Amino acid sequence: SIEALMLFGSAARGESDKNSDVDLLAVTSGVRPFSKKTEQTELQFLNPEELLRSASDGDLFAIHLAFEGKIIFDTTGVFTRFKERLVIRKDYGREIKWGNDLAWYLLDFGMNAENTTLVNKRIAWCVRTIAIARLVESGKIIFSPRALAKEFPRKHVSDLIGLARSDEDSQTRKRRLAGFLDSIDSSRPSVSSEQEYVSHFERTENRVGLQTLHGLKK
């Protein structure tokens, strides 16, 4: 069964934009994490242990749930134990490195891939993650696209996050992503071939990078 249900995302902030979705977190035991999208809705499924682990580890997403989430119902108090476990870290350089390195892979290999929508979705994930992580290190808790652009005013932050649900395949994405990486003083990881990025993602445990690279194939 489903122990608890939380509204998060822009709907929990009372904000909306052109193609906004509705974000719902369903806590149910004995299931591996997954999500289902259905006509502008998004259902995120987590088991209770994974929810508590994200708080103990100080996941940026866990910070969002505790900062802006709204409980719809909670029959087990799992969201209370979730907030009790939350430990906000002082250093998110690991998350910054993941978004940094995947941005370089997408720059080197993603701009002509067939799955344009996945590239755009994950280009935004890179810029979003770096912006969220850098702001938390500075003592701020920011998650909305409009506020990330104002609080982390690097080159093309708004444009690149705006790709999150776009099928835009213009080559101006490559020039803008390169300008953003330059504005944050990014350096490409010591890799070249696609196979080397795979090994580097494994070495640095960049799960989203591995999922993105493999997902672009088919």
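A residue's number is simply how far along the shown sequence it sits, counting from 1.
Engineer: Can you tell me whether 28 to 36 has a higher mean C-alpha B factor than 173 to 181 in this record, or the other way round?
Structural biologist: For C-alpha atoms only, the mean B-factor is higher in 28 to 36.
Engineer: Mind pulling up the entry and telling me whether 58 to 66 or 40 to 48 has the higher mean Cα temperature factor?
Structural biologist: Looking at the recorded C-alpha B-factors, 40 to 48 comes out higher on average.
Engineer: Say you rank 13, 200, 207, 18 by Cα B-factor from the PDB entry; which sits at the top?
Structural biologist: Checking the PDB record, the top C-alpha B-factor among 13, 200, 207, 18 is at 18.
Engineer: Would you mind ranking residue 7 by its C-alpha B-factor against the rest of the chain and naming the third, lowest, middle or highest?
Structural biologist: Within its chain, residue 7 is a lowest-third residue by C-alpha B-factor, going by the deposited values.
Engineer: Among all modelled residues of this chain, ranked by Cα B factor, put residue 113 in the bottom, middle or top third, i.e. lowest, middle or highest.
Structural biologist: For residue 113, whose C-alpha B-factor we compare with every modelled residue in the chain, the answer is the highest third.
Engineer: Ranking every modelled residue in this chain by its Cα temperature factor as given in the entry, which third contains residue 90?
Structural biologist: As the PDB entry reports it, the C-alpha B-factor of residue 90 lands in the middle third of its chain.
Engineer: Looking at the entry's B-factor column for C-alpha atoms only, identify whether residue 144 ranks in the lowest, middle or highest third of its chain.
Structural biologist: According to the entry, residue 144 has a C-alpha B-factor in the chain's lowest third.
Engineer: Quick one: classify residue 80 as lowest, middle or highest third of the chain based on its Cα B-factor.
Structural biologist: Middle third - that is where residue 80 ends up once the chain's C-alpha B-factors are sorted.
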